[PDB]
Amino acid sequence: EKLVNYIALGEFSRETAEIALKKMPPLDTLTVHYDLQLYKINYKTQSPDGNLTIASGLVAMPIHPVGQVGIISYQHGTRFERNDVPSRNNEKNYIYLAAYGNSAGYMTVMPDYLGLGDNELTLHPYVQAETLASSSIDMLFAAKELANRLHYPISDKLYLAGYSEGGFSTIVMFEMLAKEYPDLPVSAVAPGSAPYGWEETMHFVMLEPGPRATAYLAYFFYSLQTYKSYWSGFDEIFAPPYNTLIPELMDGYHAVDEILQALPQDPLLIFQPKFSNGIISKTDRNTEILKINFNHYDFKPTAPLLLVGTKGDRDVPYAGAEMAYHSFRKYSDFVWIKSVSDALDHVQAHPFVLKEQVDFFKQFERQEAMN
């Protein structure tokens, strides 16, 4: 049993959902059909060190479903604040509930991730494949336990989506489900604007830095060194005073705009030159283990797969999505790639990408369907 405890958080109405959708075109074109009941859950999963840890997330259940209810597991993007995660259901979370739950009618399952929400680990293991995958799978299983306890019948339809860091989480979750849980059917998978490829992503974020690049890299290397100690210490990685500022900024209680204002726009300024150059040149002594963590685009998909993003992305390289697409196509014809724009950026494109995800899942909902 993974489910440890839960708390009812009240309802999320059609009317509240409609207001949220209207704020984020093109999602305003979705029709709302349901009110949802919300639960915050806590569940058992493994830490980066392979110990038991109790993590949190949100489950949202359409009330009075007209059809049999499929599950969508939605993996959120980068969060620097402990409490800005789905189990808190703040207004920024509403669009996910509105689109997937109130409109699409899916039981919507949203992990917080380790180091966030109620989890006692002090720091999120950021873009770390092993635990993003296991924490998301264990959340799904715990959510299914909740539905069983509440006599909420669900179908066997299962959809996996996410954005940004969560696009990566979605891909690694998919891989691990296929490997470790081969008898659990997955219906469709649609990672949104994910980072693909260690070299591709490092080059883009370090040398073509968009507005959040320094923050992403600070989070990534601070978290990786914290959990894995691949380098001698933080001062090998980070130039002063960022070696001590970054740990403060990443405490879970700094607003993301404050983090972005405290860090330079050019990520090279936060690193020792030796270190950053070694990463870029793949001459860092840890390059092989870094590639193992990052590179998850060479496995056989066991469900229809849509890689959806924006060619306008300045946060993660669209070239990485193109590379991943060709890699996955070696294994399956049921693989597609879609750009929602030539110029919308990572943030602007988000509601367009969400709309594509919902539409993709609906395509696979309405075939191969049996009670």
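Start at 1 and count along the sequence shown; that's the residue number.
Higher mean CA temperature factor between 146 to 154 and 129 to 137: 146 to 154, per the PDB entry.
Just going by the entry, 294 to 302 versus 248 to 256 on mean CA temperature factor gives the higher value to 294 to 302. The top Cα temperature factor in the record, among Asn119, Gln261, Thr108, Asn89, falls on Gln261. You'll see in the entry that, of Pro191, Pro241, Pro185, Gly210, the Cα B factor peaks at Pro185. The PDB entry assigns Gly197 a C-alpha temperature factor belonging to the middle third of its chain's modelled residues. Split the chain's modelled residues into thirds by C-alpha temperature factor. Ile279 is in the middle one. When the CA B factors of the chain's modelled residues are split into thirds, the value for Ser164 lands in the lowest one. For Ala178, the recorded CA temperature factor ranks within the highest third of the chain's modelled residues. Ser103: CA B factor in the middle third of modelled residues in this chain (values from the PDB entry).
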